[PDB]
Amino acid sequence: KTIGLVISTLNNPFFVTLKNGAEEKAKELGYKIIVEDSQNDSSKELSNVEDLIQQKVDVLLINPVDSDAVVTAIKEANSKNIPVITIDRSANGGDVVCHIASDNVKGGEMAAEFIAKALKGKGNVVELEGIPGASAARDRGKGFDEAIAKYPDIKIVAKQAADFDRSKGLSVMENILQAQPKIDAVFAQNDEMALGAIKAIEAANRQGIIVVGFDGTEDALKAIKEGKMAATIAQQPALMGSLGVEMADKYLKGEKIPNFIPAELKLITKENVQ
Ligand SMILES: O[C@@H]1[C@H](O)[C@H](O)CO[C@H]1O
């Protein structure tokens, strides 16, 4: 028996960890696993899924590139009676037997609360959004807005997408720095964007700025120890991958499973890094 793992991109350390979590548990339970990289492209994702259907995989674990666009691939999986579990990001359609992810609205709230307290409830905040087609991104923005709105002297002065990517985080932060001489904090919706923003800030010789990421990647934790990043909202990618395989196993054994499993989040600062 064989599991198909379709991941949005392997250019993000977060997803490399998720991949490794799935692989470790698959060995443990005696499953083969085929991991395929969608390269943030819904077309590559569909071709990846079709390859896996043709290899006769017994279950499909998918981390969608886009909430709507993924439904075609899921509905092809459905037609061939291959069970689908979504991981980290939700699908807006098709039959999905389980979804495993963080409470990303709560994660955005956590980031906002930290920033608002750290800034004594006053200042200019920049938000670097992730891929808009990812539930994770949308949810973090919603939670962040909901929490920061309670602090009227905090103004979100720029809100721009940087596609969960380090390079785009740099370039976007460059532009924002040029357009905004007063920035007191930055929330990036993932660590890769946060690291890119840091590079832009250090390049511009800005001081000065409390940078908060999302994920708890090794590079982020190192940035925090070095004092380049103030905090991150740590996720459990390896556990998400592990649970995905676990629930696949149970489902394949004829057992009913919950249809949603939340993965816990933890705020990480210098005080508790590591
Ligand atoms: O949860 C994940 C991670 O934050 C990753 O860095 C980007 O994609 C999101 O869905």
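Start at 1 with the first residue, then count along the sequence. As the structure lists them, so they are numbered: ligands from 1, and atoms in each ligand from 1. The analysis underlying the following values was restricted to heavy atoms, covering all of them including side chains, and did not include hydrogens, waters or symmetry mates.
- Comment: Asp66 does not engage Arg89 in a salt bridge, judged by the lack of any side-chain N to carboxylate O separation of less than 4.0 angstrom.
- Using a 4.0 Å cut-off between charged side-chain N and carboxylate O, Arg166 and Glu192 make a salt bridge.
- For the pair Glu23 and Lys19, the salt-bridge criterion is met [side-chain N within less than 4.0 Å of a carboxylate O].
- The main-chain N or O of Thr217 is never found under 3.5 Å from a side-chain atom of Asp215 such that the two would form a donor-acceptor pair.
- By the 4.0 Å N-to-carboxylate-O rule, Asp58 lies too far from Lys1 to be salt-bridged with it.
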Please tabulate, for side-chain N and O atoms in residues 3-13, each donor-acceptor pair with protein atoms closer than 3.5 Å (sequence neighbours left out).
{"from": "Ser8", "atom 1": "OG", "to": "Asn63", "atom 2": "OD1", "distance (Å)": "2.7"}
{"from": "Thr9", "atom 1": "OG1", "to": "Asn11", "atom 2": "N", "distance (Å)": "3.1"}
{"from": "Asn12", "atom 1": "OD1", "to": "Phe14", "atom 2": "N", "distance (Å)": "2.8"}

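- Listed by chain and number, residues touching ligand 1 at under 4.0 Å (heavy atoms only) are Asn12, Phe14, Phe15, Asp88, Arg89, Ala136, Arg140, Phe164, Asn190, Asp215, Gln235.
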